[PDB]
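Overview (structure and organization)
Chain residues, written in single-letter form:
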Amino acid sequence: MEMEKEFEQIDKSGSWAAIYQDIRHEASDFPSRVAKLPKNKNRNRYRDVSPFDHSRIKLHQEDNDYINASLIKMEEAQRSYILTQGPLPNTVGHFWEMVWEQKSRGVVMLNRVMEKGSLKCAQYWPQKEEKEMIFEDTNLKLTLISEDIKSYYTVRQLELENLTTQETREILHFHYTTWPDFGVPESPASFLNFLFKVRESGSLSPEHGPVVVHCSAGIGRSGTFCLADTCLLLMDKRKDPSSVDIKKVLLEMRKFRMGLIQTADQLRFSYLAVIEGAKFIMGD
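Determination of this PDB entry was carried out by X-ray crystallography to a resolution of 1.5900 Å, according to the record.

As for the nonpolar core
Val108, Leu110, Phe194, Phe225, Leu267 and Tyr271 are the most contacted members of the largest nonpolar core, which totals 59 residues. Sort the elements by how many residues they give to this core and helix α7 (residues 264–281) lands first, with ten residues. Not counting residues up to four positions away in its chain, the partners in contact with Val108 are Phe174, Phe194, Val198, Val211, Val212, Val213, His214 and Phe225. In terms of nonpolar packing, the next biggest core, distinct from the first, is built from 25 residues, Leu59, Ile82, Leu158 and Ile171 among them.

Focus: the layout of surface pockets
Of the volumes computed, that of the largest pocket is approximately 610 Å³. Along the wall of the largest pocket there are 28 residues; nearest its centre are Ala217, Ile219, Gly220, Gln262 and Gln266. For the lining of the largest pocket, the elements supplying multiple residues, two or more each, are α2 (16–26) and α7.

Side note on the pairing of strand β8 (residues 140–149)
Where strand β7 (residues 133–135) lies against β8, three bridges are found, and the strand directions are antiparallel. Residue pairing for β8: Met133 is matched across the bridge by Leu142. Linking two consecutive strands that pair antiparallel, namely β7 and β8, is a turn of four residues; a positive phi of about 65° is found at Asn139 within it. Counting the residues in the hairpin turn of β8 and strand β9 (residues 153–162) gives three residues.

Some thoughts on the side chain of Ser203
With respect to the helices and strands, the residue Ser203 is situated in the loop between α4 (189–200) and β11 (211–214). According to the relative accessible area criterion, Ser203 is buried, its value standing at 0%. Engagement of the side chain of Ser203 in a polar contact is seen with the side chain of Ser201, the distance being 2.9 Å. Setting aside its immediate chain neighbours within four residues, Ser203 contacts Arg105, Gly106, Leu172, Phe174, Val198, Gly209 and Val211.

Describing the UniProt feature "binding site: substrate" in the protein
Under the UniProt annotation, "binding site: substrate" lies at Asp181, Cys215, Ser216, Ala217, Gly218, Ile219, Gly220, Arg221 and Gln262. Lining the largest pocket, out of the annotated residues just given, are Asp181, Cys215, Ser216, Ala217, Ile219, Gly220, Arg221 and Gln262. Inspection of the secondary structure assignment puts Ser216 in the loop between β11 and α5 (221–237). What makes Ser216 buried here is its relative accessible area of 12%. In this structure, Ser216 is in contact with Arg45, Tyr46, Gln85, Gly86, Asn111 and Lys120, ignoring residues within four places of it in sequence. Excluding its chain neighbours within four sequence positions, the residues that come into contact with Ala217 are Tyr46, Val49, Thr84, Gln85 and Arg257.

Brief notes about the pattern of salt bridges
Applying the stated criterion across every chain, the model contains 16 salt bridges. Linking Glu170 and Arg105 is a salt bridge whose minimum nitrogen-to-oxygen distance equals 3.3 Å. Taken as a pair, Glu170 in strand β10 (residues 167–176) and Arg105 in the loop between α3 (92–101) and β4 (106–109) lie far apart in primary sequence, 65 residues in all. Two residues, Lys150 and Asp148, come together in a salt bridge whose shortest N-O distance is 3.2 Å. Residue classification places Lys150 among the partly exposed residues on the basis of a relative accessible area of 41%. With a relative accessible area of 37%, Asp148 lands in the partly exposed category. Bridged by salt links that share partners, the residues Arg112, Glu115, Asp181 and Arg221 form one connected network.

Considering unusual backbone geometry
Of all residues except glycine, most have a negative phi; of all peptide bonds, most are trans. We note that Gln78 has phi near 60°; this positive angle belongs to a residue other than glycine. In this structure, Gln78 sits in the loop between β2 (66–74) and β3 (79–84). Positioned with a positive phi, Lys103 is a non-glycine residue whose angle comes to about 65°. Within the fold, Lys103 resides in the loop between α3 and β4. What makes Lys103 exposed here is its relative accessible area of 54%.

Some points on the UniProt feature "domain: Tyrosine-protein phosphatase" in the protein
This chain's UniProt record puts "domain: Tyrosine-protein phosphatase" on residues 3–277. Taken end to end, residues 3–277 is 30% helix and 23% strand, and its two terminal C-alpha atoms sit 13 Å from one another.

Re the sheet that holds β7
Hydrogen bonds along the backbone pair up the strands of a sheet, which may run parallel or antiparallel. Spatially, β1-β2-β3-β11-β4-β10-β9-β8-β7 is the arrangement adopted by the nine strands of the open sheet, whose pairing is mixed. Looking at the sheet topology across the chains shown, the edges are occupied by β1 (56–58) and β7. Here the average twist between neighbouring strands, direction ignored, is 30°. Bridge analysis of β3 against β11 gives four bridges, and the strand direction is parallel. Paired with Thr84 across the bridge in β11 is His214. Set on the sheet, α5 makes contact with β2, β3, β4 and β11; between it and β3 the angle comes to about 175°.

Conventions adopted
Residues numbered from 1 in each chain as written, not as in the entry; some residues may be left out. Heavy atoms only, no water. Core = buried A, V, L, I, M, F, W, Y, C linked by side-chain atoms within 4.5 Å. Buried < 20%, exposed > 50% of the residue type's maximum accessible area, 1.4 Å probe, protein only. Helix = DSSP H or I, 4+ residues; strand = E, 2+ residues; numbered from the N terminus. Contact = heavy atoms within 4.5 Å. 1 Å grid on protein atoms, 1.4 Å probe; cavity = no way out; pocket = protein on both sides within 12 Å on 5 of 7 lines; lining within 4 Å. Points joined across faces, edges and corners; volume = space filled by probe spheres on them. Pairing = 2+ DSSP bridges. Polar contact = N/O pair within 3.5 Å; in protein donor to acceptor, adjacent residues only side chain to side chain. UniProt positions renumbered as here; feature names shortened; annotations may be inferred. Salt bridge = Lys/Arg side-chain N within 4 Å of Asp/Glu carboxyl O. Axes fitted to C-alpha atoms, helices over the stretch in contact; angles between N-to-C directions.

This is the structure we're talking about:
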């Protein structure tokens, strides 16, 4: 069923809450035993958001390999993503260790450091060229190279140095700065423009490791980003684009991380974004 007609049907009948609850009921439940170990309590931002054991990212260290991060591997679309929480004061070194070890080219950030008067993640990158950051626990140095501030997003060039080997790499930071404190955006136009800028950079492409994408918990806004990207790519690849079923793609993604798409309003917004974005993919 053409999703655009499915959309009008749900909207006229006002059944978004019913649709969303069906997804919650059918979603996978896999163990997350490592996340719940006592030694990892200060590595988790939210007690009810944890990576599954089977898909979690492991740090390359014998001490403690745990980070709240999951690998979402989309087999038909040939895309992979790492979804993670906003870094905590005690996990900023782990975060950049993961970026290094997984060979990522881009980091996608969909929240502000402060929202609703409360801290939603650490200030984990440097704000001035001449004031670099050193993470002593993981032996990394991070330097701000340049910054381009636009009306709806900011792009930063960063240099990450492995102090153990003196290798350096360029990382691109894509920061969507205008998601509202409450609710979802009224139009998907600026979110889609942002997605296309990330694509254009190479950060989503198979010559690099998976992009790292986060918000505060790494399931709501972050899930909207990867769901929209994968659905649009499938509409490009298939003979019949109207065969792409956004609810089925979301359930596949929830095999790899719990809770993706947090509200019925985020589900509706994801539909709107794919419908409007398809009016570029299909050639208009």
